[PDB]
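A lone chain, given as structure tokens: the form deposited in one PDB entry.
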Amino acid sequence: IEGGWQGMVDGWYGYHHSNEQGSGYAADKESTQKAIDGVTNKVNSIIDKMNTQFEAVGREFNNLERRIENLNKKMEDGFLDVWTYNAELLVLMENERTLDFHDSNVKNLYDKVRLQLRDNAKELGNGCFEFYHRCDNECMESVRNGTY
């Protein structure tokens, strides 16, 4: 695929059909539903795992408690560095998975149309499929519906 389509503001994934009748976009709701759930599950799971995070507390020491004052300082900075690391590292890794996750769902959706019409259509290579028969608007919905 070259790039995305601005002409589809209906959903995240979909189809563009060209027809003797007309031509226009259509979002795949079953595939979009699965992605909104998988993303909303992820973002919430990141928040819930991090709510056990370290909470610092002010502690006061006198001028002959310098060693424990330093120890206290090291310990609290230590934990905040760890958890800062965990927060950042998880976000970077989650973003990688999330971008590759959207990719996977484009490959899998392309294969489904390739599989749903195997011998009745030729794959072009740019993310399309040419019918070897005439497919009207009910037929085209059937390809979008899943029953074919």
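C-alpha atoms forming the largest set that superposes within 1.5 Å between two forms make up the rigid core. A residue's number is simply how far along the shown sequence it sits, counting from 1.
Visitor: Going by the B-factors listed in the PDB entry, is the mean over the C-alpha atoms higher for 87-95 or for 43-51?
Guide: It is 43-51.
Visitor: Where do the C-alpha atoms have the higher mean temperature factor in this entry, in 107-115 or in 56-64?
Guide: For C-alpha atoms only, the mean B-factor is higher in 107-115.
Visitor: For the CA B factor values reported in this entry, which option in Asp28, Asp81, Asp100, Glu69 has the top one?
Guide: That would be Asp28.
Visitor: Grab the CA temperature factor for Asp10 from the record and place it in the lowest, middle or highest third of its chain.
Guide: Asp10: CA B-factor falls in the highest third of its chain.
Visitor: Split into thirds by Cα B-factor across the chain's modelled residues, where does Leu124 land: lowest, middle or highest?
Guide: CA B-factor rank for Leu124: highest third.
Another form exists, deposited in another entry; not displayed. Remarks below refer to it.
Visitor: Please check if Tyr25 moves between this form and the one not shown, taking a CA shift of 2 Å or more relative to the superposed core as movement.
Guide: No, because once the rigid core is superposed, the C-alpha of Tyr25 moves less than 2 Å between this form and the one not shown.
Visitor: Classify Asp136 as shifted (yes) or not shifted (no) between this form and the one not shown, where shifted means its C-alpha moves by 2 Å or more with the rigid core superposed.
Guide: Yes; that C-alpha moves by at least 2 Å between this form and the one not shown.
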